[PDB]
*Asks:* 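So that we are looking at the same thing, I have put the structure below in structure tokens.
Numbers restart at 1 for each chain; the letters A, B, ... are given by sequence-line order, proteins then strands. Side chains are part of it too, since the values below use all heavy atoms of this structure and drop only hydrogens, waters and symmetry mates.
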Amino acid sequence: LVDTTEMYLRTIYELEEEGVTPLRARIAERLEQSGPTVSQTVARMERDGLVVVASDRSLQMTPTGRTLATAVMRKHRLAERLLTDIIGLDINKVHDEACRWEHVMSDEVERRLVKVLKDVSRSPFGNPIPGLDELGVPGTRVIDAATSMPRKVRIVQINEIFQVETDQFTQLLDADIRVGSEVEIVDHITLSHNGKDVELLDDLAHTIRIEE
Amino acid sequence: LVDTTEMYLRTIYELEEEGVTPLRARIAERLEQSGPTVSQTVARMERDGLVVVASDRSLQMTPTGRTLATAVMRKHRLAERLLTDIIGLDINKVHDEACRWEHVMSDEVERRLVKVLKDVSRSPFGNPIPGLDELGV
Ligand SMILES: [Zn+2]
Ligand SMILES: [Zn+2]
């Protein structure tokens, strides 16, 4: 999304990366925003729990704020790879372009990019591309991945150890639906594999995870 | 840029493209935004000289508003081609993504896409890509 928060978080991330203290004046100067504007925005981020102002008044991203900053930097750099590797955009405009793009590019497009690009280790500007492992390039909860139209997915985990109800244990074994098995999912959530279809119960639907 | 103005202009273009009359109520419904909100935004657009509210309370885009409406549709359609032809994004997600990208793509990227893509005549959805001539490509 085209967030001011995302802009702020990625900026804190960038400074830290450069070995710079996430001081508010550095953020403002970097974002060209004024001191009062950054404080107004930082105070808003603290309430959303994405940042915290350290002792030295430097800004520390909470785990959530950091996960977000990382996604944004991932999309940013993945965008730059597309821009130079495929599109061929003037190298002097690739960064400024990607600054907008990091805000609109979806996770799905990032995975396609990771598959279609030759090397996604670094950005054209020599910086490592973060969050790839979180992008998935374990899984997503079947119930969350469950669309009203049948889609094929690869079983990531069944969380058998966390289940209280085990009635569906043999049912999945008969349907040959195991870890690594490419099985269809939909939205009750019925997983289909080996031709057979297992209509998951609430507990398994929430727990079983599948990648893409 | 991610303008609401751009969102309104591209929506009027779309309606026109369907042979539908750009009525404030149709824009409201297409954008989901409320009637007052549309009236409020259309008012601002008029003042910027991008649209005029015609006799039948239909919205006519000034030549300026139409140049922009078209540029946006062009980036939209050029984006969709990149997503389907190169990136290989799921066809069922191409439009919504392009709906975001149309606001951020630059004219330099479009010219590059025009050069790198095999056919920029239509979008993956059969609609003709407008403004190519004005892009200078
Ligand atoms: Zn960059
Ligand atoms: Zn579209």
Side-chain angles (χ1 to χ4, degrees), chain A residues 2-7 72 75-76 78-117 120 124 135 137 140 145-146 150 185-187, chain B residues 2-8 10 31-33 68 71-117 119-120 123-124 129 132 135-137:
Chain A
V2 201
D3 275 315
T4 325
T5 303
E6 285 179 13
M7 176 181 83
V72 178
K75 299 166 181 296
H76 175 90
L78 235 26
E80 300 186 313
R81 286 263 61 126
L82 167 61
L83 295 162
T84 64
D85 296 9
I86 305 169
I87 301 178
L89 172 66
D90 174 32
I91 198 62
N92 301 294
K93 308 182 180 190
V94 172
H95 181 66
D96 293 298
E97 186 77 33
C99 289
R100 288 179 230 122
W101 292 37
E102 60 185 38
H103 289 293
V104 297
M105 192 164 120
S106 77
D107 293 346
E108 312 84 86
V109 173
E110 300 193 84
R111 294 174 193 127
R112 289 300 318 162
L113 288 175
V114 175
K115 288 184 180 188
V116 306
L117 291 170
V120 288
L135 182 57
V137 301
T140 300
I185 65 179
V186 76
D187 178 47
Chain B
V2 193
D3 289 309
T4 301
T5 290
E6 288 187 356
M7 175 172 78
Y8 276 55
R10 72 94 67 212
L31 296 177
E32 279 100 35
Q33 299 191 106
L68 183 53
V72 166
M73 281 303 319
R74 183 189 60 208
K75 299 165 186 289
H76 181 78
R77 302 186 159 145
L78 249 8
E80 295 189 310
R81 293 254 59 123
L82 163 56
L83 290 165
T84 198
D85 298 353
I86 304 176
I87 299 184
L89 167 59
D90 176 19
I91 188 63
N92 297 294
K93 300 192 161 190
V94 173
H95 177 72
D96 295 318
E97 186 91 30
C99 283
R100 272 179 246 127
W101 296 31
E102 68 183 39
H103 297 289
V104 305
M105 194 153 106
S106 76
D107 299 350
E108 309 77 77
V109 163
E110 302 188 83
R111 301 187 191 97
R112 282 306 308 167
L113 289 176
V114 164
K115 288 189 169 193
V116 306
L117 297 157
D119 193 290
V120 299
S123 62
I129 302 184
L132 288 177
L135 183 56
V137 304

*Asks:* Keeping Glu97(B) on the side-chain end and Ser106(A) on the backbone end, is there a donor-acceptor pair under 3.5 Å?
*Replies:* yes
*Asks:* What distance separates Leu89(A) CG from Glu110(B) CD, expressed to the nearest 0.5 Å?
*Replies:* 11.5 Å
*Asks:* Run the numbers on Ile87(A) and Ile86(B) for side chain to side chain contact (heavy atoms under 4.5 Å, CB included), then give the verdict.
*Replies:* CA-CA 9 Å; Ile87(A) 301 178; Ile86(B) 304 176; 6.0 Å; no
*Asks:* Check step by step if side chain to side chain contact (heavy atoms under 4.5 Å, CB included) holds for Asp90(A) and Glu108(B).
*Replies:* CA-CA 8 Å; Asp90(A) 174 32; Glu108(B) 309 77 77; over 6 Å; no
